[PDB]
Amino acid sequence: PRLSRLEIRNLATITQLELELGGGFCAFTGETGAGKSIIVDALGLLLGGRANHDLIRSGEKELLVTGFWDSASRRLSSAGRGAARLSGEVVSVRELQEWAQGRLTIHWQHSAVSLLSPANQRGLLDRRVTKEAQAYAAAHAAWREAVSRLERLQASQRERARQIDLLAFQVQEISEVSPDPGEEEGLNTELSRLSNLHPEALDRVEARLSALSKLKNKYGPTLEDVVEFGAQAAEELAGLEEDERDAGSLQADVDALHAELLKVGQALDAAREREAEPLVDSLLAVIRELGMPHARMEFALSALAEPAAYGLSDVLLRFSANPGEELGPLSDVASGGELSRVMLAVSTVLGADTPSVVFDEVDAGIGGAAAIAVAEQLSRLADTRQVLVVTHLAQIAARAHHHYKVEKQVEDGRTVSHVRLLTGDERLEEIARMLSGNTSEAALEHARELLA
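Using the UniProt record's numbering, the letters of the sequence shown map in sequence onto residues 32 to 100, 109 to 237, 310 to 563.
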């Protein structure tokens with residue numbers, strides 16, 4: 032679960048590069064821009080994201096970046120197609136992203152899809168109150184069950200409604216008349232009597320007979336078949352009614368579960384509000400030291416409508432570098448260098464999620480004791496997992512167990528970059544050079560005292 036080898040072809044100032052790199056703390060010095068191109072832009076390409084053609088070699092047709100830990112690759116073509124690869128063949132970019140975000144971490148705006156988005160932001164806090172979080176997850180799942188069951192009631196609703204109105208209509212039509220078999224046969228006789236004789312009951316008799324005739328034509332034919340059909344209608348209607356009522360009860364129950372999920376969400380919110388104070392104070396104590404003092408930081412929860420996926424409360428993080436910033440979004444507002452450092456602190460104090468992480472543009476706006484604190488932190492983390500960084504500062508470049516130098520060799524008839532490992536005395540020489548100028552007994556001495 033770590034990086035091992037890196038092959039880059041026709042990228043910017045690079046005319047094919049094969050680097051067998053170990054782990055631990057790897058520092059890149061010399062040509063800092065070239066290093067940024069190697070570690071941020073290229074590794075950036077493997078993690079996915081936008082793919083600007085400017086990254087492509089000056090006078091070349093297409094570039095390629097292969098990494099070996109499983110061997111992922113990314114090829115960009117000025118033609119317009121290019122291709123992404125995982126371990127074997129042509130795979131999807133979305134899948135490249137999903138896979139590599141599990142292996143690589145580049146810190147910067149691209150850090151958003153690492154430690155910075157809503158799910159991992161919430162996770163930092165949610166792994167301090169697992170009980171409440173699982174309680175929410177459970178309530179939400181059961182509620183989703185309820186909603187699933189609850190929807191077939193619409194399918195039933197649309198048709199069963201009209202059908203039921205029909206049934207009831209028929210049943211009432213029959214009920215009002217209240218037909219009875221073996222009635223017309225005598226009715227006809229009585230009619231024979233009344234008409235043959237030849310006034311009050313006559314029209315009542317005729318009316319009843321005609322009624323039996325209509326109701327006979329309706330759901331008949333048989334006088335019995337009518338009442339039969341009425342019974343069938345009664346039954347069906349009863350059943351459908353059972354369905355509906357049942358659905359209703361289930362619905363009320365669902366609302367109850369809703370109330371429950373609400374309560375749980377509230378409890379979780381309280382848990383957060385409780386675990387907020389001790390959390391932030393543990394970071395500032397280490398962040399205000401790595402330069403940037405008087406920094407303010409807090410967590411703010413939003414009252415979002417509904418239950419949602421994680422919770423009815425959104426987890427937001429507010430931060431301010433200066434006493435006049437007024438706080439605000441961690442990234443996407445008041446960002447730059449401080450973010451990478453914050454990422455570092457958070458990392459060491461909490462832990463590393465990916466095999467190899469990289470911090471970009473961190474060693475800026477700072478210097479001195481602070482710089483040494485950041486470097487030392489890079490060490491602390493170096494033990495756990497592999498860390499990459501392009502530095503120009505001396506203590507930082509020295510503290511890195513491994514040290515890669517980025518120089519520039521000219522290959523006819525072009526000028527190219529060229530990186531190499533530092534054997535020992537060479538390393539000391541170059542790092543001393545970094546501190547102060549060139550080679551000097553004082554520089555060598557101080558360097559040896561620092562690297563110790």
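Using N, Cα and C, we set each Cβ at its ideal position, and we do this for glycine too.
Out of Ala481, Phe470, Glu223, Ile477, state which residue places its alpha-carbon closest to the alpha-carbon of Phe59.
-> One-based indexing of the sequence shown puts residue 59 at position 28. Checking every option, the nearest Cα to that of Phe59 belongs to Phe470.
Straight-line Cα distance separating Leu533 from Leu52 = Against the sequence shown, residue 52 aligns to sequence position 21. Against the sequence shown, residue 533 aligns to sequence position 422. About 12 Å.
Taking the CB atoms as reference points, tell me whether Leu86 and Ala43 lie closer together than 8 Å.
-> In the sequence shown, the residue the question calls residue 86 occupies position 55. In the sequence shown, the residue the question calls residue 43 occupies position 12. It is a contact, given that the beta carbons lie within the stated cut-off.
Can you tell me the Cα-Cα spacing of residue 105 and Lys327, whole angstroms?
-> For residue 105, no position is available: the coordinates of the chain end at 100 and pick up again at 109.
Run through DSSP, which three-state label would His557 get?
-> The count along the sequence shown starts at 1 and reaches residue 557 at position 446. Helix.
Inspect the beta-carbon positions of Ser442 and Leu143 and report whether they are closer than 8 Å.
-> On the sequence shown, position 331 is the one that residue 442 refers to. On the sequence shown, position 104 is the one that residue 143 refers to. Result no, Cβ atoms of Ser442 and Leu143 do not sit closer than 8 Å.
Residue range of the alpha helix (DSSP H) that includes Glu388 | The count along the sequence shown starts at 1 and reaches residue 388 at position 277. DSSP places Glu388 in the uninterrupted alpha helix (DSSP H) bounded by 334–398.
Backbone secondary structure at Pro157 - three-state DSSP | By 1-based counting over the sequence shown, the position of residue 157 is 118. Here DSSP, grouped into helix, strand and coil, assigns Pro157 to helix.
Determine the closest residue to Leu561 out of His512, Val517, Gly121, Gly524, with distance taken between C-alpha atoms.
-> One-based indexing of the sequence shown puts residue 561 at position 450. Answer by Cα proximity: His512.
Same chain, Cβ closer than 6 Å to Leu233, five either side skipped, listed in chain order | Numbered from its first residue, the sequence shown carries residue 233 at position 194. The residues are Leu313.
Delimiting residues of the alpha helix (DSSP H) encompassing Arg124 = In the sequence shown, counting from the first residue as 1, residue 124 sits at position 85. Careful: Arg124 lies outside any alpha helix (DSSP H), inside the beta strand (DSSP E) at 122–124.
Nearest CA to the CA of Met408: which residue from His369, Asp204, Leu450?
-> For the purposes of this step, residue 408 is taken as residue 297 along the sequence shown, with counting starting at 1. Of the listed residues, the one whose Cα sits closest to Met408 is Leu450.
Distance, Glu198 Cα to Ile145 Cα | Residue 145 sits at position 106 when you count from the first residue of the sequence shown. Residue 198 sits at position 159 when you count from the first residue of the sequence shown. Roughly 57 Å between the two C-alpha positions.
Starting from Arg114, trace the beta strand (DSSP E) both ways and give me its first and last residue.
-> Along the sequence shown, read from residue 1 onward, the residue named residue 114 stands at position 75. Counting along the chain, the beta strand (DSSP E) containing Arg114 begins and ends at 110–116.
Determine the DSSP secondary structure at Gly479, reduced to helix, strand or coil.
-> Looking up residue 479 in the sequence shown gives position 368. Coil.
Is the beta carbon of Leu50 less than 8 Å from the beta carbon of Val530?
-> Taking the sequence shown and counting its residues from 1, one reaches residue 50 at position 19. Taking the sequence shown and counting its residues from 1, one reaches residue 530 at position 419. It is a contact, given that the beta carbons lie within the stated cut-off.
Bounding residues of the beta strand (DSSP E) (the contiguous stretch that carries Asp425) | In the sequence shown, counting from the first residue as 1, residue 425 sits at position 314. Unbroken beta strand (DSSP E) run through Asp425: 424–431.
For the putative contact between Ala481 and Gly402, defined by C-beta atoms under 8 Å, what is the C-beta separation to the nearest angstrom?
-> By one-based count along the sequence shown, residue 481 stands at place 370. By one-based count along the sequence shown, residue 402 stands at place 291. Going by Cβ atoms, the distance from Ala481 to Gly402 rounds to 4 Å, so yes, they are a contact pair.
Count the other CB atoms, across all protein chains shown, that sit within 10 Å of the CB of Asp392; report buried if there are 16 or more and exposed otherwise.
-> Taking the sequence shown and counting its residues from 1, one reaches residue 392 at position 281. Taking every protein chain shown into account, the CB of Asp392 has fewer than 16 other CB atoms within 10 angstroms, so this residue is exposed.
Any 3 or more C-beta pairs closer than 8 Å across the segment 178–194 and the segment 220–230 | No contact exists between the segment 178–194 and the segment 220–230.
Would a C-beta distance cut-off of 8 Å place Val397 and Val460 closer than the cut-off?
-> Taking the sequence shown and counting its residues from 1, one reaches residue 397 at position 286. Taking the sequence shown and counting its residues from 1, one reaches residue 460 at position 349. Cβ distance < 8 Å, so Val397 and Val460 count as in contact.
Euclidean distance between Cα positions of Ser89 and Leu74 | Mapped onto the sequence shown, residue 89 falls at position 58. Mapped onto the sequence shown, residue 74 falls at position 43. Their backbone Cα atoms lie some 19 Å apart in a straight line.
Residues of its chain near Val453, where Cβ-Cβ distance is below 7 Å and the 5 sequence neighbours each way are ignored | Translated into the one-based positions of the sequence shown, residue 453 becomes position 342. Only residues of its own chain outside the window of five on either side were considered, and among them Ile398 have a CB closer than 7 Å to the CB of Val453, listed in chain order.
Please classify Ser68: does DSSP put it in a helix, a strand, or coil?
-> Numbered from its first residue, the sequence shown carries residue 68 at position 37. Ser68 falls in the helix class under three-state DSSP.
Name, in chain order, the residues that DSSP records as bridge partners for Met454.
-> Counting from 1 along the sequence shown, the entry for residue 454 is found at position 343. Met454 is not bridged to any residue.
Just reading off the beta strand (DSSP E) that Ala58 is part of, what are its end residues?
-> For the purposes of this step, residue 58 is taken as the residue at position 27 of the sequence shown. Per DSSP, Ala58 belongs to the beta strand (DSSP E) from 56–61.
Cβ of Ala411 within 8 Å of Cβ of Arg429?
-> One-based indexing of the sequence shown puts residue 411 at position 300. One-based indexing of the sequence shown puts residue 429 at position 318. The answer is yes: Cβ separation under 8 Å.
Run of the alpha helix (DSSP H) containing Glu224, from where it starts to where it stops | On the sequence shown, position 185 is the one that residue 224 refers to. The continuous alpha helix (DSSP H) containing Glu224 extends over residues 223–236.
Three-state secondary structure (DSSP) at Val316?
-> Locating residue 316 in the sequence shown gives position 205, where the first residue counts as 1. Helix at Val316.
Output yes or no for whether 8 Å exceeds the beta carbon distance between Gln140 and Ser153.
-> Looking up residue 140 in the sequence shown gives position 101. Looking up residue 153 in the sequence shown gives position 114. Closer than 8 Å, so yes.
Looking only at DSSP bridge pairs, what is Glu190 linked to?
-> If you number the sequence shown from 1, residue 190 lands on position 151. None; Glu190 has no bridge partner.
Is the segment 123–137 in contact with the segment 154–174, if contact means three or more CB pairs nearer than 8 Å?
-> The answer is no - the segment 154–174 does not touch the segment 123–137, with fewer than three Cβ pairs under 8 Å.
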